[PDB]
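Some notes on the structure that comes next.
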4 protein chains.
Amino acid sequence: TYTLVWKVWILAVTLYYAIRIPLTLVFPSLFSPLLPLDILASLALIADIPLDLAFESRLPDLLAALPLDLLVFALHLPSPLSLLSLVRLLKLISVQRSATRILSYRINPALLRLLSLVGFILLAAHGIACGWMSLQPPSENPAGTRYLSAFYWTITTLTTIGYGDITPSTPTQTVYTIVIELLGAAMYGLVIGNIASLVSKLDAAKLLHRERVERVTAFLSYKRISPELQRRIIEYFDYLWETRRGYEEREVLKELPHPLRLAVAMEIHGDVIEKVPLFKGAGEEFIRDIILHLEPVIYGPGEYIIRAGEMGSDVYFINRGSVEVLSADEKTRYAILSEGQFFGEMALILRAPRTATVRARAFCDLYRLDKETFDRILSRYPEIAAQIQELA
Amino acid sequence: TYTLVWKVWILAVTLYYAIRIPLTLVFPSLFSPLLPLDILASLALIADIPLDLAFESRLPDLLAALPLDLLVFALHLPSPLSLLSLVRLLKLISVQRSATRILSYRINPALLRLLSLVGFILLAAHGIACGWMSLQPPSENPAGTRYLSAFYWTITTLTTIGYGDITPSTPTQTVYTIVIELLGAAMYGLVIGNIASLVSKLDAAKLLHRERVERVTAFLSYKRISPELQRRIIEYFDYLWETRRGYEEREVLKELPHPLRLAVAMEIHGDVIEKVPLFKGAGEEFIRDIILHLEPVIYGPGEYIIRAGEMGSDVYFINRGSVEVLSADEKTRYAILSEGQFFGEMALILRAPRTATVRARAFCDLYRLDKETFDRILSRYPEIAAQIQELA
Amino acid sequence: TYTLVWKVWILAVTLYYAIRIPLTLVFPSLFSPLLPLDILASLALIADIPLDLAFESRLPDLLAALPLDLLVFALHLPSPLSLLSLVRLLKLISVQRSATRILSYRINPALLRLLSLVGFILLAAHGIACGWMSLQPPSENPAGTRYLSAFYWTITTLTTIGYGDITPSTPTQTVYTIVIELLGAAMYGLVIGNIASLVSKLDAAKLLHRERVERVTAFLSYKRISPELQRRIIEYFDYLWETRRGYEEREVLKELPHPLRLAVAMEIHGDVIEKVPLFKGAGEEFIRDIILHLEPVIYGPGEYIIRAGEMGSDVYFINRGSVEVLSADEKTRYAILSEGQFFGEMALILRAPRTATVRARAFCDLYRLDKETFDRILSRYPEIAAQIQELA
Amino acid sequence: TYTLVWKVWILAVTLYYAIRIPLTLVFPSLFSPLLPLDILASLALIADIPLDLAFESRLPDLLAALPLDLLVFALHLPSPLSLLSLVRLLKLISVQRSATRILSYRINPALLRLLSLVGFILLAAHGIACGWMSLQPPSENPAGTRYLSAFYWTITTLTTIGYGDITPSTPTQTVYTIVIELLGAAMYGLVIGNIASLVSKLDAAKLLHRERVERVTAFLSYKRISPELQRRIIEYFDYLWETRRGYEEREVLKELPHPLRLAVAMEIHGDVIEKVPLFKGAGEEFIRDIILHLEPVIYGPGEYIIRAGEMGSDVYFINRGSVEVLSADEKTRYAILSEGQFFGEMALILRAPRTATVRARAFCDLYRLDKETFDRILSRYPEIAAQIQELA
């Protein structure tokens with residue numbers, strides 16, 4: 001648990017270094033007023049290099065633990081060597097790899113890469129502004145105003161906006177600008193590429209649904225299906241979207257392993273299958289064999305699940321719809337059936353013609369079991385198969 | 001129904017606020033000439049917060065209903081606090097979520113996101129222009145000309161074009177520009193990412209088709225198939241594109257649930273299967289069992305559906321092609337067969353050698369049923385199985 | 001055939017109008033020197049509106065046929081109305097839809113969209129340069145130099161480079177720039193999005209192959225498979241790439257319809273199956289049933305296709321590899337087998353132990369048939385089944 | 001082997017030409033001091049055109065072998081013709097196609113395209129800077145300073161930053177800028193598109209995993225599954241990610257050919273199946289038939305692999321988990337079982353009720369074989385089937 005607060009402290013420490021090391025390379029007159037925080041931060045980096053072994057390519061941590069900043073600043077070394085103070089910022093590599101561990105289970109990896117990159121671009125912009133100030137001719141301006149002009153220039157460059165009111169006056173500023181321009185083009189390319197990768201996946205389920213609906217309606221239009229049916233199909237896909245988000249129950253349950261697929265099947269059907277009179281008191285092992293072989297099917301409003309006088313072979317279990325059971329002439333209603341009720345169960349005991357028509361009222365999802373799948377499983381429970389056989 | 005006109009009115013009301021609140025923060029001398037519209041608009045937002053509960057994270061609506069604009073303007077509060085007038089614009093969140101409900105069934109979600117973003121960028125540009133004008137030194141210029149210069153500057157920034165003829169002259173303008181530059185880079189990154197996501201999916205079916213055609217022609221070239229066959233295959237894929245858009249009938253019908261797959265099968269085959277002499281007067285339940293087991297197959301021009309003297313096992317149903325039936329020597333024509341006609345039906349009653357050759361004329365899509373699949377289904381209709389058995 | 005040359009002429013005619021109409025709106029002193037070409041071009045557009053019905057939302061063609069250009073120019077109408085000359089450019093819509101018909105079978109649709117867009121951007125840039133010149137103060141400069149400055153400005157804007165050496169001096173130029181900046185951001189966003197969509201699909205087969213190789217090597221590393229096997233697997237995937245481009249023969253043949261899948265099977269196996277002694281003189285219908293049930297399998301170098309003394313059940317057909325047949329002790333070579341040769345064929349006639357070991361030399365692709373699949377098909381050819389039965 | 005060093009030398013030679021040919025077109029006073037390297041480089045290109053035939057659209061190599069550079073420079077030809085020296089740079093086409101051969105097995109093709117493009121953009125920038133210098137008015141500035149200003153201008157243009165402090169002063173510079181602006185927009189579009197294609201695929205496995213987890217949790221929420229189960233499912237997917245990276249063992253083994261799928265099955269199960277008492281001393285052919293039909297299944301912590309008193313049909317093989325075997329009342333522990341141990345093996349010899357309950361301790365992956373799959377394979381090994389039959 002508390003290691004999260006520690007890695008947030010080490011984030012705050014490396015963020016502190018990423019914002020003071022380049023700034024104190026430009027303004028040494030800031031080094032010592034923040035030396036208490038510097039000692040604390042350096043001791044914190046030293047405290048992290050062993051502690052990173054608790055609840056765990058470690059060279060960036062090893063280098064950032066080394067206090068070359070305190071060395072070059074306290075001894076006032078010349079600038080070309082004083083840049084070795086920047087080894088603290090190697091901790092940003094470790095902290096980015098810490099971020100892709102301590103919040104990658106919670107935050108979308110495309111967006112986490114974007115926030116990590118935007119953070120790096122703001123820290124880079126800060127460092128790049130300090131590089132600009134370092135190359136600028138010495139002048140009597142307030143430190144914040146020269147920094148603001150440098151940060152303005154770098155953001156002008158990195159965003160590729162390029163006003164041109166601040167530009168190189170000297171060769172080394174020009175070389176530096178060439179580098180920071182290429183770096184800004186790369187950074188803004190990474191920003192655009194991250195945002196493209198993120199947006200390309202924001203509604204992937206909805207676009208995948210839309211392209212199945214087009215495939216089905218393009219094909220059906222080629223088959224010259226009537227507008228009434230091609231609407232009972234569009235309305236079905238609208239239902240499947242607004243209920244499930246377009247996913248097939250068959251395809252989703254196949255992406256679960258058998259014990260969890262069984263647990264989900266028990267959670268969905270466990271009460272409704274126990275209350276079938278034909279199964280009353282039969283063993284849990286047999287009920288388990290039923291529920292793993294129940295096939296889902298969706299019926300549209302007004303569609304005939306069962307007619308009358310056809311032989312038939314299936315028993316049905318309402319799960320979210322509702323259903324009307326009707327005389328063979330469809331003139332009179334015998335029942336309304338709702339969630340957790342079943343019909344056609346006589347088809348298990350005898351393959352004989354249907355006594356009543358049955359029609360979905362609203363969109364109606366329900367489960368199906370057939371005398372073939374049923375006989376298959378009863379082949380391995382003779383003790384119940386005999387009961388079914390003698391009931392006829 | 002009429003709730004659409006209401007949410008279009010609330011769109012017009014929040015669009016009004018998104019274009020007057022920031023403008024009246026710059027020009028208070030516009031506040032009262034539009035106070036009638038302001039009262040009407042505020043009453044409209046108040047009217048929407050309860051009415052949003054009719055045919056339905058509501059904090060943006062709750063905040064935008066609060067008339068902090070009338071408060072800060074009518075009492076002429078200082079600018080740092082007067083920005084609280086902007087709470088009206090929180091209604092844009094509710095109105096964007098209304099748009100992704102009231103036209104997301106009609107318009108492609110990638111393009112709807114793009115139009116929503118472009119709208120936000122134009123409203124943001126307006127607000128950002130007003131922020132620029134607010135930071136500009138007071139001067140005697142017409143209100144429209146200073147606004148035009150500010151809108152020019154913001155579009156120059158947001159599009160990342162950055163001419164530099166308008167640029168910061170002061171620190172607060174510079175900080176503001178840094179912010180608006182980062183915001184413009186982000187906004188233009190969102191625009192490019194939206195357009196990338198949209199274009200990446202404009203011809204997805206055609207590129208998916210092209211990559212199956214390459215897979216098949218790459219593999220066939222590895223197998224050193226003759227150029228004549230690798231053309232009867234390319235011509236088939238061109239046919240499959242220009243008729244169906246490359247979709248397999250098997251794969252499309254599997255993305256329908258059983259009652260609709262049955263209804264589509266009835267719509268395609270229901271007349272042609274009823275007029276088979278062997279099935280004349282057989283029950284609808286049996287015809288349903290036929291049509292669910294008909295397998296589609298496409299024959300290329302000149303290809304032999306049936307030769308002569310092979311034993312054979314299948315009956316065929318023309319659906320869109322045409323066919324020539326021919327003597328065993330292929331010298332003489334017995335028939336031309338077109339949509340809604342069938343041949344080889346003797347293979348159902350007796351597994352005996354074929355009497356006539358049969359060849360597709362144009363590209364020819366047709367359906368296939370075989371003595372194995374047929375016997376399977378007749379195993380569950382003995383009353384017809386006996387008729388078939390005694391006909392031999 | 002020749003309609004291609006006609007639509008290329010109509011391309012040249014609409015390209016002519018897209019480059020003269022906006023230019024003559026700026027320089028009327030060019031209208032009449034090109035009036036012969038104008039009459040020819042207008043007659044050509046009039047000639048196309050009926051001829052578009054030969055070998056075929058027609059409003060763009062209908063509008064572009066109307067000679068409002070000859071009307072507004074020859075009568076020297078004021079500029080706000082003279083813009084109606086631009087109706088010729090509506091033909092670009094028809095010509096883009098002609099391009100996505102007359103070369104979309106040949107050119108990748110992502111790249112065809114890119115070339116169509118780049119063409120539109122160059123034509124738009126031309127028109128936008130003319131709009132700039134129209135808004136420019138009247139001055140004594142050569143027509144080409146003012147055009148070059150305007151085309152420089154527009155390309156500076158559209159590419160979002162934005163030097164700022166040419167910028168608005170007046171309100172209408174500023175409004176126009178705001179529009180052309182938003183249009184340039186949109187156009188360059190379309191360019192980047194097109195290029196992103198194109199590059200995202202340049203090596204799709206190779207990246208799909210790479211991600212199966214990673215899935216297999218990640219999983220195998222989790223299973224702690226030895227480095228020697230995880231190399232016989234990487235070498236297999238390198239072979240499968242450099243021969244086939246990573247495609248499974250099973251998956252490719254399933255994307256062909258039965259008559260073409262049969263024709264491909266005949267082309268691959270038709271000679272090698274005819275020369276099996278057990279099948280010599282058996283009917284083509286039976287050979288067809290063999291070749292549709294041959295299963296491909298790849299053997300790596302040095303791998304044992306057959307050992308000795310195991311019972312075995314399969315006959316094998318070399319298709320591209322080579323094989324060594326070896327004594328049961330592996331000490332002595334009986335044969336080298338190459339493309340179009342077969343082994344283990346005794347497994348069809350009798351399920352008895354293998355007499356010789358067999359090992360792939362190089363990577364070796366070959367086909368497999370087994371006594372189970374063989375018996376299945378012989379169940380429907382008793383006339384050959386008896387011959388096989390009595391041969392033992 | 002050593003051909004790698006040669007193609008790296010030819011890379012260094014074409015890189016030399018890509019950086020001297022355009023530079024010596026601007027500064028002829030550099031031609032002869034580097035003539036030794038020029039002769040060596042030209043001889044190297046001549047040496048490569050035959051040697052490219054060793055361990056192998058050759059027009060770029062043929063043209064680059066021709067020494068038109070030595071011709072135009074040593075004879076001091078006028079600039080419009082002297083540009084023919086650039087034919088050396090056609091070797092970059094050959095060297096890019098060499099790079100996509102000699103490191104495309106090692107480096108991701110999306111990133112290899114990016115590095116190849118960035119290299120081309122830096123070489124193009126160099127050439128474009130030389131074109132700028134060529135069009136610049138003659139002046140007394142050091143060669144490096146004028147080059148630095150030209151390279152600054154080109155990078156300013158290509159990155160689309162466009163400061164505008166260096167801009168055209170003449171018509172030919174303006175035309176050249178228009179071209180280089182369009183080229184820079186195209187190049188930076190290719191950079192952004194490459195980076196988009198690369199980032200879109202950086203965590204493809206993790207986003208594919210996330211979208212199955214959403215599909216399963218969206219569907220389960222629609223089915224109103226309890227939060228306790230929808231957590232035993234999320235915890236399972238977290239386990240499947242952190243162990244395997246979300247891949248199904250079934251789907252991965254199906255992407256191997258039979259001999260390697262067998263070798264992997266032998267590597268995973270070969271010791272644990274040999275040590276089953278029922279299989280002790282049975283032939284390798286039969287063990288091979290077992291291991292190809294073992295089905296993997298993952299059990300979550302605390303889940304019941306076996307209860308007691310159910311009939312049961314399966315034997316299980318622990319592969320990475322651990323398991324507790326428990327009395328029928330679950331009060332007492334009989335065993336802890338770990339990797340390479342098996343249980344329930346009595347289900348092979350007799351389909352009789354289970355004697356002890358069995359529960360996964362941690363997340364537990366293990367393999368399953370059932371009396372049905374077992375009987376199927378024993379149907380083809382009567383010599384062992386008799387032993388199993390008589391053991392009861």
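In the structure tokens, chains take the letters A, B, ... in the order shown, each chain's residues start at 1, and ligands count up from 1 in the order shown.
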Pick out the chain A residues within 8 Å of chain C. Count only C-alpha atoms. Give them as a PDB file with N, CA and C atoms, in the first residue's frame.
```
ATOM      1  N   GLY A 162       5.644  29.238 -34.345  1.00  0.00           N
ATOM      2  CA  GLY A 162       6.723  29.952 -35.022  1.00  0.00           C
ATOM      3  C   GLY A 162       6.502  31.396 -35.438  1.00  0.00           C
ATOM      4  N   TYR A 163       6.066  32.235 -34.490  1.00  0.00           N
ATOM      5  CA  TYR A 163       5.785  33.642 -34.773  1.00  0.00           C
ATOM      6  C   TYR A 163       6.990  34.349 -35.390  1.00  0.00           C
ATOM      7  N   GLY A 164       8.183  34.134 -34.839  1.00  0.00           N
ATOM      8  CA  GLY A 164       9.392  34.733 -35.372  1.00  0.00           C
ATOM      9  C   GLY A 164       9.794  36.052 -34.752  1.00  0.00           C
TER      10      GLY A 164
END
```
Need the shell around residue D:329: protein/DNA/RNA residues with any atom at most 10 Å away, counting only C-alpha atoms. Skip same-chain ones fewer than 6 positions apart. Format as a tab-separated table (two decimals) with C-alpha atoms, in the first residue's frame?
```tsv
chain	number	residue	atom	x	y	z
D	307	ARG	CA	-16.55	-31.69	-5.45
D	308	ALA	CA	-17.49	-35.10	-3.99
D	356	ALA	CA	-12.51	-36.25	-2.45
D	357	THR	CA	-13.15	-32.54	-3.11
```
Excluding residue D:38 and residues on its chain fewer than 4 positions from it, collect all residues at most 10 Å away from it, counting only C-alpha atoms, and give them as number ranges by chain. D: 13, 16-17, 20-21, 31-34, 42-44, 67, 69-70
Near residue D:324, within 7 Å and counting only C-alpha atoms, which residues show up once chain neighbours fewer than 5 positions away are dropped, as a ChimeraX atom specification? /D:333,335-337,358-361
Work out how far atom CA of residue B:86 is from atom CA of residue B:74, in Å to one decimal.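 Separation between atom CA of residue B:74 and atom CA of residue B:86: 14.7 Å.
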So which residues touch stretch 254-259 of chain D within 10 Å, counting only C-alpha atoms, skipping near sequence neighbours fewer than 4 positions away, as a PyMOL selection string? (chain C and resi 212-213+215-216+233+236-237+248+296-300+303-305) or (chain D and resi 249-250+263-265+292)
Mind listing the alpha helix (DSSP H) residues of stretch 74-172 of chain A, per DSSP on the backbone, as an MDAnalysis selection string? chainID A and resid 74 79:82 91:102 109:135 143:158 171:172
Residue C:124 environment, 9 Å, only C-alpha atoms, sequence neighbours closer than 5 positions dropped, as number ranges by chain: C: 18, 119, 129
Could you write out that same residue set with N, CA, C and O atoms as a short mmCIF file (atom, residue, chain, number, x, y, z; two decimals), in the first residue's frame?
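The result, stored in again-v4.cif:
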```
data_model
loop_
_atom_site.label_atom_id
_atom_site.label_comp_id
_atom_site.auth_asym_id
_atom_site.auth_seq_id
_atom_site.Cartn_x
_atom_site.Cartn_y
_atom_site.Cartn_z
N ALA C 18 -10.78 24.92 -63.79
CA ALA C 18 -10.34 25.16 -62.42
C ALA C 18 -9.14 26.10 -62.38
O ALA C 18 -8.92 26.77 -61.36
N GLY C 119 -4.39 16.90 -55.51
CA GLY C 119 -4.87 17.63 -56.66
C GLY C 119 -5.84 18.73 -56.29
O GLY C 119 -5.72 19.88 -56.75
N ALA C 129 -5.25 31.81 -54.16
CA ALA C 129 -4.34 32.85 -54.61
C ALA C 129 -5.09 33.91 -55.41
O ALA C 129 -4.83 35.11 -55.26
#
```
Mind checking which residues fall within 7 Å of stretch 197-205 of chain C, counting only C-alpha atoms, ignoring those fewer than 3 positions away in the same chain, and posting them as a VMD selection string? (chain B and resid 196 199 to 200) or (chain C and resid 110 to 111 193 to 194 208 to 209) or (chain D and resid 193 to 194 197)
Please save N, CA, C and O atoms of the selected residues as a short mmCIF file (atom, residue, chain, number, x, y, z; two decimals), in the first residue's frame.
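Output saved as out_18.cif:
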```
data_model
loop_
_atom_site.label_atom_id
_atom_site.label_comp_id
_atom_site.auth_asym_id
_atom_site.auth_seq_id
_atom_site.Cartn_x
_atom_site.Cartn_y
_atom_site.Cartn_z
N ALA B 196 -7.71 11.64 -38.94
CA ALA B 196 -7.00 10.38 -39.17
C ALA B 196 -7.88 9.18 -38.84
O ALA B 196 -7.96 8.23 -39.62
N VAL B 199 -10.64 9.00 -41.69
CA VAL B 199 -10.14 8.54 -42.99
C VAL B 199 -9.67 7.10 -42.93
O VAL B 199 -9.81 6.34 -43.89
N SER B 200 -9.09 6.69 -41.79
CA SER B 200 -8.65 5.31 -41.61
C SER B 200 -9.79 4.31 -41.78
O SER B 200 -9.53 3.11 -41.94
N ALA C 110 -6.63 4.21 -50.59
CA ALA C 110 -6.05 5.19 -49.68
C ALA C 110 -5.12 6.15 -50.43
O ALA C 110 -5.17 7.38 -50.23
N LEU C 111 -4.32 5.62 -51.36
CA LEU C 111 -3.44 6.48 -52.14
C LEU C 111 -4.21 7.26 -53.20
O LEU C 111 -3.83 8.39 -53.52
N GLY C 193 -4.08 13.03 -42.23
CA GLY C 193 -4.93 11.88 -41.96
C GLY C 193 -4.91 10.85 -43.06
O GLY C 193 -4.90 9.64 -42.80
N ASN C 194 -4.90 11.30 -44.32
CA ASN C 194 -4.71 10.39 -45.44
C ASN C 194 -3.38 9.66 -45.33
O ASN C 194 -3.32 8.44 -45.50
N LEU C 208 1.03 -8.04 -38.82
CA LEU C 208 0.17 -9.13 -38.37
C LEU C 208 0.98 -10.41 -38.12
O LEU C 208 0.78 -11.09 -37.10
N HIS C 209 1.90 -10.73 -39.02
CA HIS C 209 2.84 -11.82 -38.79
C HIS C 209 3.67 -11.60 -37.52
O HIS C 209 3.83 -12.52 -36.71
N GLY D 193 2.42 10.70 -39.91
CA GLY D 193 1.74 9.47 -40.25
C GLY D 193 2.50 8.23 -39.82
O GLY D 193 1.91 7.26 -39.33
N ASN D 194 3.82 8.24 -39.99
CA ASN D 194 4.65 7.16 -39.46
C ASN D 194 4.51 7.06 -37.95
O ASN D 194 4.32 5.96 -37.41
N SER D 197 1.11 5.62 -37.07
CA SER D 197 1.06 4.19 -37.33
C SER D 197 1.85 3.41 -36.29
O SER D 197 1.49 2.29 -35.93
#
```
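Closest to residue C:7 among C:85, C:338, C:57, C:96 is C:96, based on only C-alpha atoms.
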One number please: atom CA of residue C:78 to atom CA of residue C:29, in Å, one decimal. 15.2 Å
Just give me the gap between atom CA of residue B:280 and atom CA of residue A:228 in Å, one decimal is fine.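 Pair atom CA of residue B:280 / atom CA of residue A:228 returns 27.7 Å.
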Which is closer to residue B:283 than all the others in B:381, B:241, B:120, B:105, using only C-alpha atoms?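 Answer, going by the shortest atom-to-atom distance: B:381.
Nearest to residue C:45 of all the residues C:167, C:389, C:1, C:94 is C:94, based on only C-alpha atoms.
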